[PDB]
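Protein chains in written order, with the authors' numbering: chain C, 2 to 117; chain A, 338 to 385; chain V, 13 to 58; chain E, 491 to 878, 885 to 930; chain Z, 50 to 68, 81 to 99, 102 to 132, 139 to 441; chain G, 176 to 268, 276 to 318, 335 to 369, 371 to 396, 416 to 527, 703 to 753.
Read through the structure below, which is laid out as structure tokens, and then see the notes.
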RNA sequence: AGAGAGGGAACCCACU
Ligand SMILES: [Zn+2]
Ligand SMILES: [Zn+2]
């Protein structure tokens, strides 16, 4: 819905898990629109700073991931429509990754950039 | 362009190499005079 | 030092200054006419 | 230009009376550029709606209410090119339209009706751009310009009887080029309305005067019909070049290349048409006692021997004015023009000329002799690197045009459109005929 | 020009509409003031002063605005721009002034006027010749493949769009048409915005006239001269395959300057071309089908007369076939494009300032430089 | 799979175009005019145009209708080729930084103190100011006395100072600037910036030898050059073939008695001849002086160029004697004997003796 | 006694 779309260009941040791009206000008020139940960054700014990225390259307005080859290449076909990031710089701490793995969610990096 | 700078009648080959401006030349109106020889031209002082 | 200009339509004269906008004092007419020179002129009557 | 064909350049037959046959630029633009005749007038055009209403008032059948069987036995009628319908009786319709044009009831005088008689057509043109000329109207082999019209026309400014009143009287009317194809035009009334071995005896219009077929510059030629046509064309080219008083207020105008004459004269041998070009009020030339004689050999091949004493008496001694305009530019502080007397120690790049002729504001006071490469406008533009030493603003001054000399006539100082100071200097140089 | 044509241009421009709540702008009544200069106060600028100071002797042009957003608001006397005035006009300062008054203004009574003062320079609009519009002409392209070609540079008066010449040509090929079946000469028409040689009968069918008898009625007005009917017979027999108005219009839409997509959007383009491109002087309306058919039949009939010689060919240098564009028509032709450009800039400004959700500022919408 | 289509957009407003398209898609996803496109791509560094993912061009045209920022790609669309679709999403990648915006753009700034709030850092800069004298500029030292003399927005705290838009300086600017407003990776200042706050150079025509390997002691002239592993093609003595050598294997060896130049160091700019070639100490004598210059073998190159190493002027006069007596003129040129006089009456300048002239 | 010059392009009217 419109609740996922960022409201302005300032302080745009991409998620470290699903590369969801939202403003800091939307992360503070809604958390993650895909996997907040696995992260629980709603109601905590420090969790957002630890689970979101300040450096991202490229945006994708994924509207219909069920019939998108881009979603196949970016592995976001099973998610919800929204604004996604192509390249994400950052990484979750080991505690969050281990907690996700204990819940059966292995953390695949969204850093698909060609580093030299 | 360079081709347009060379191809014309105002270019380098005709306009500058073939027919060019020259020093030591004067241009003024002619008026008749029957009191000088056929190989004599009466030029003004300010030209000379 | 000031230059006297004739104020166009006004036909009156006034002083002018360097870097002074060109305006008459009577009606602000923009066109000024410089006065005739003070040095002598001599004409051969030919 | 530069076309090898001749049909667009030739003097077509329909150029009679509308455009001068002699005047034209004789360079590579012969016939292309033309000069309008004297009485010729370009119709400014009006709306065709009153004409359509008048046609619908009479028995004209529109295209959307006709059978395609009764079309060929009647005349197709056009307005401004568009076909408006049919009419059964072309006569008494052209008569009615002309009767309204000789009275200015509905149809304007500029509008033209043309009845094609060989092919059943009648076209009415109300366009803006048609070229017409007034002609007399010949009812019977009698002119409609009676003696009473002349009596009321001589006493102008008293009866307020103008040319428009004569147009309203149904005596003269404007005939355009289309209508000239369907008019029988009398040249002069003293010859083409008296009974003889009859030529046509069916005249409709009469030419006012044949001298009105010429232009403005071909009208100042005395006896132009006795000359050869190329000579008339060349005189038409030269007539727009003769020195003279081009305008009455030339002392106010800051014109560039103003050529005026000391003692212009009206021609002793003149035409009637010069009274209407006002050539006797702003003439160009002097009546001279010429002699056509072979002599010492200086009037050999298109040259003339002049009289030195006559020239010393003011014969053709003209005066040539040339204006110089210059303004300063307030810019982004990198270059700043300003009118001032430049100094050798202060200004840089100052050309070697006399700068003491200038006044304190960098301009010449009127009445000062100047010659070639003499400064007339002292203007200096600042240099951005004066700090980036001891050498400051550079000279940007307009000199007097080289190989020219004369006295400065008058100088005007004002502001331009942009509000910057702006000066014009008109320099006067008399030109004795040599 | 400045009394009637400028108002005609303003009124003949459509009221621009923007679709969100819609709003449309309309200009109805124009105002032409006296020449005036200024920063400074409004004062009458005498032409000699404009000549000396290198000014432009131009009079300001106002107009009233009416916008309906509907919520309508009017705006009287909005400054459009300055238009130059030639001297001794009816809107110049020295109109009807006595010679004494002219001499007081340093203007001579001898000056005939008729010239503009632009940046202090006196400009003369030289009258430009042109072929007379809305008039049928029959010429002979003796070098081309056409024996006799007819044309009509049709241009409706007080129409912003320029002229659009339609040609009604007859393929010559005096003998065979380079075939074992093409006997006679076929009449073919060059329509505006259509790149192929469209047959005459195709156009007549496309105008809603299916019968050959009706088309022959509109072309040849006498059925008792078999020679002209025999001459038009090959052109009539070229297009007996196409019999419907739908198929005729489809063939009209084929090979256009803007080609059609399918049967759809190409029927409409052909209808648009036949409605607003060819023959605007006979009318641009839904009921002007038969009037356009009558005039096209006249063009074909005149071409047949030229091919017969019953009427002589037309001369390009006959001065009954020419018009003289004076300052009026020339400035009108200039003002059409520049007024349209001003409308385009206003539309761009409105498009920018409706997508922000706010209301546009109309004084900033009309920029005066594009018109002056 | 759908394909990507290029749509030209307004420059600098591509991300906003993607946001607006997403909002439009969500606003019309339940209506009777749906957006049948699949995704919209606005890359980080691709400026000028965006991408639309769809199976048809008509879908793209009907989806971008009503968007004014894409009106320059509304009539025609260009499809990204099939093999190039992966290049769309392909992304490549007490210190010193260089400021991004302002008048200090790309100027060397010494990172003085890193504020742990991750918002701004203190930077040491050289002011590009005119000290409020021209504006109503190159780098020069901060003159506190000049800015105290000229006045204006200035506050003094000894050597600490605040001036002209809250610019903080001390002794040298010390002002905070954002981390995202500076580049903290890839500055590499020079030695002159150190005072303010390996390498390979092989050239064609130079002579090199081989120091190691099976092709040792083969001297050849350089043909080409590359970055790190050159794979050179040297023209050896008595060998018509071209072999291959990297940079680490070669060395700038020069025979005794040849043109030599120095590329860098203390001896740069000087030329001359070498005398005796040792293991690495190569001694030479200059073309200017006869002083011994000992250089590394790498600091030598083979270049065959020669080493560098009157009062009457403008005075209104009156001819008081001769045929022209009584004429008033202005002296244009003057000599010891004669002087040219611009006559006020005639259109002619004539020369007369100074003894015949009388000034006004 | 302090010593050189620059614009450039475009388009109109004529001149032989
Ligand atoms: Zn997420
Ligand atoms: Zn005054």
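Each residue gets a CB set at the ideal place from its N, CA and C atoms; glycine is no exception.
With 8 Å set as the bound, which would you pick, yes or no: does the beta-carbon of residue i sit closer than that to a beta-carbon of chain A?
| i | result |
| --- | --- |
| residue 902 of chain E | no |
Quick one: residues in its chain with C-beta nearer than 8 Å to the C-beta of residue i, no 5 flanking neighbours on either side, listed in chain order?
| i | result |
| --- | --- |
| residue 744 of chain E | 813, 815, 908, 920 and 922 |
| residue 349 of chain Z | 223, 224, 225, 228, 230 and 233 |
| residue 337 of chain G | 289, 308, 309 and 310 |
| residue 418 of chain Z | 429, 433 and 434 |
What does a CB cutoff of less than 6 Å around residue i pick up in its chain, not counting 5 residues either side in sequence?
| i | result |
| --- | --- |
| residue 144 of chain Z | 128 |
| residue 751 of chain G | 711 and 713 |
| residue 759 of chain E | 712 |
| residue 56 of chain C | 90 |
Using the beta-carbon count (16 or more within 10 Å), is residue i buried or exposed?
| i | result |
| --- | --- |
| residue 748 of chain G | exposed |
| residue 392 of chain Z | buried |
| residue 369 of chain G | exposed |
Flag residue i as yes if its beta-carbon sits less than 8 Å from any beta-carbon of chain E, otherwise no.
| i | result |
| --- | --- |
| residue 48 of chain V | yes |
| residue 37 of chain V | no |
| residue 376 of chain A | no |
| residue 370 of chain A | yes |
| residue 16 of chain V | no |
With 8 Å as the threshold, decide whether the Cβ of residue i is near any Cβ in chain C.
| i | result |
| --- | --- |
| residue 191 of chain G | yes |
Within a Cβ cutoff of 7 Å, which residues of the same chain sit near residue i, ignoring the five residues on either side of it in sequence?
| i | result |
| --- | --- |
| residue 375 of chain Z | 207, 217 and 382 |
| residue 437 of chain Z | 148, 149 and 150 |
| residue 14 of chain V | 27, 28 and 29 |
| residue 366 of chain Z | 287 and 288 |
| residue 428 of chain G | 434, 435, 436, 463, 467 and 468 |
| residue 294 of chain G | 304, 305, 306 and 373 |
| residue 668 of chain E | 602, 604 and 615 |
For ligand 3, is there a heavy atom less than 7 Å away from the beta-carbon of residue i?
| i | result |
| --- | --- |
| residue 38 of chain V | Ligand 3 is not among the ligands present in this structure, which contains only ligand 1 and ligand 2. |
8 Å is my cut-off, CB to CB: does residue i come that close to chain V?
| i | result |
| --- | --- |
| residue 709 of chain G | yes |
| residue 744 of chain G | no |
| residue 352 of chain G | no |
Please decide whether residue i counts as near chain G, where near means a Cβ-Cβ distance under 8 Å.
| i | result |
| --- | --- |
| residue 854 of chain E | no |
| residue 51 of chain V | yes |
Inset, instruction - Flag this pair as touching only if the stretch 176-186 of chain G and the stretch 204-224 of chain G have three or more C-beta atom pairs under 8 Å; answer yes or no. - result: yes
Inset, instruction - Taking only beta carbons into account, state which residues of the stretch 54-68 of chain C come closer than 7 Å to chain G, listed in chain order. - result: 58, 59, 60, 61, 62, 63, 64, 65 and 68
Inset, instruction - Using a Cβ-Cβ cut-off of less than 7 Å, give me the residues of the stretch 775-807 of chain E that come near chain A, in sequence order. - result: 787, 788, 790, 791 and 793
Inset, instruction - Could you say if the stretch 665-676 of chain E and the stretch 636-650 of chain E meet the contact criterion of at least three C-beta pairs nearer than 8 Å? - result: no
Legend entry - Cβ-based contacts, 8 Å cut-off: residues of the stretch 84-97 of chain C near chain G: 84, 87 and 88
Inset, instruction - May I ask you to verify whether the stretch 466-474 of chain G touches the stretch 507-516 of chain G, counting CB pairs closer than 8 Å and requiring at least 3? - result: yes
Legend entry - Near-chain V residues of the stretch 149-181 of chain Z (beta-carbon distance less than 7 Å), N- to C-terminal order: none
Inset, instruction - Please confirm if the stretch 752-764 of chain E is in contact with the stretch 796-815 of chain E, defined as three or more CB-CB distances below 8 Å between the two stretches. - result: yes
Legend entry - the stretch 524-540 of chain E touching the stretch 599-611 of chain E, judged by at least three CB pairs closer than 8 Å: yes
Inset, instruction - Could you run through the stretch 103-118 of chain Z and flag, in chain order, every residue whose CB is less than 8 Å away from some CB of chain V? - result: 112, 115 and 116
Inset, instruction - Give a yes or no on contact between the stretch 262-277 of chain Z and the stretch 293-313 of chain Z, applying the rule of three or more CB pairs nearer than 8 Å. - result: yes
Legend entry - the stretch 187-203 of chain G contacting the stretch 26-44 of chain C, beta-carbon criterion three pairs below 8 Å: no
Inset, instruction - Would you be able to state if there are at least three C-beta pairs under 8 Å between the stretch 891-903 of chain E and the stretch 856-872 of chain E? - result: yes
Inset, instruction - Could you run through the stretch 337-365 of chain Z and flag, in chain order, every residue whose CB is less than 7 Å away from some CB of chain E? - result: 350, 351, 359, 360, 363 and 364
Inset, instruction - Closer than 9 Å, Cβ to Cβ, to anything on chain Z: give me those residues from the stretch 647-665 of chain E, in chain order. - result: none
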